[PDB]
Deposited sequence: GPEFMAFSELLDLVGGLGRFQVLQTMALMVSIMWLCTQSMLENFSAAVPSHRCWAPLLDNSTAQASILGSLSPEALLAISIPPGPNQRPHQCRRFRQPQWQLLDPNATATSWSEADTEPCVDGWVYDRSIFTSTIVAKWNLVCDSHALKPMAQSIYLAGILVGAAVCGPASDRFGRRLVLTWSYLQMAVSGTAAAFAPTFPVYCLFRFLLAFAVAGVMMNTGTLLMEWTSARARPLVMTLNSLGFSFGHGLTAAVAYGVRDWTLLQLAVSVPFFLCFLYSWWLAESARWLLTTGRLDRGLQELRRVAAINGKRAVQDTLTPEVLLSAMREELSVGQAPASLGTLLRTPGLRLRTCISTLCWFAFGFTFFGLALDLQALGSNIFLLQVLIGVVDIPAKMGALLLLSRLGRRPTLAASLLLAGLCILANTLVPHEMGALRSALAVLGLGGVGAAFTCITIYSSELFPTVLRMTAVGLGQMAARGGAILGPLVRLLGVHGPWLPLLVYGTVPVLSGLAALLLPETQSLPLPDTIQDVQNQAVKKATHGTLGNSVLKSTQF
């Protein structure tokens, strides 16, 4: 089933591939904005208990007499006039700090100091959504299309985001964040695969790196939009409309002809190849793509076949392990830069600006070393920066922050290498199912991150020890799965079993 011959008869690396890469990178930027805006639409302001002597009838002088030390969950039922020289719970409302953020979900639904474990839970739900999303968008994309799921996931992202921007109660907001996360999983996996299966190997790592840099630039776009737009409602709506645009233009993409011709469909694959030839101006071969030529090229995915198949069991388990390590470390480390600076937008900008050169260096490394050595190196670096950060004598001059940022760079490199490795490591029949299993593992790691952060009671170093031991062991396990370079993309189980 030789497809690179067809990608060369048709336009390879033509204007179609670059246009698709740009559009999908932009959509990924907006998707990262959706994912990372829980730091801005759910930011916790400086709150206190609504007291009769403050907000009814000096601030600093009249606040010390009406709120015990300022406590965010209790207030003096009756102020003690013998305090300038007997408490009560926060039953009068709340008063938030509306100077940095005009409004957020935390301030809107009073998720403070008694329901404080609802801001993380909501985030967890989002992660859970992506998990479930993969479980229903991985196999589905392997049965109905790489682009059909992408288009309907764009539409679902737009609709769910616009509905969450107008949620009247917290459960409705959580439900629509869950549905948005479902569509987010669909979009991420289908975008990665669709870029994987339309670019010739010459510039396949490059376009996958551009797609991954989509998230890196979305980390800065989040800060830009959240700086321009402060209210959580307007922020969510302004991030969700771009996905209405993405769904609108997503009908001009081409269904991945590798998947199309891999399955029993041939007229659809022929039409997509002819359209791609017409887009990038291939004159003679547009009509010389007759079904005779396609036959001369010589060309049910429900998570129940992938994880039990003799041909690929080490591949799936190790790839999902590396995905889990990436999710674990990345979502335990994204919020770990708070010690670098107090500013909140600068942290998002910093994450983007340290993932950009990390992914460029990973692209160079994998185009020089190879997928497996570079993945092992990136995971080992990301998992050993933490195990060395836990040994720093805490002078935080030029060692603590350096390791903290090298860990993030290694995590970004690991992600941009594991996307390529997982896409190239599985047959086109099970490519999206396996990438969906990887996304489920990554979201499971992200969910379990804060849960294992609770180990600080038994030891200040145990959470860091786990957060660094998982990537080290995953990278040392990423030296067992087979190398995938100068090998054509497998598009059936027999192709993998041939290797």
**Request:** May I ask you to mark the stretches of the deposited sequence that the structure leaves without C-alpha coordinates?
**Result:** 1 to 4, 62 to 71, 84 to 88, 105 to 115, 330 to 337, 538 to 557
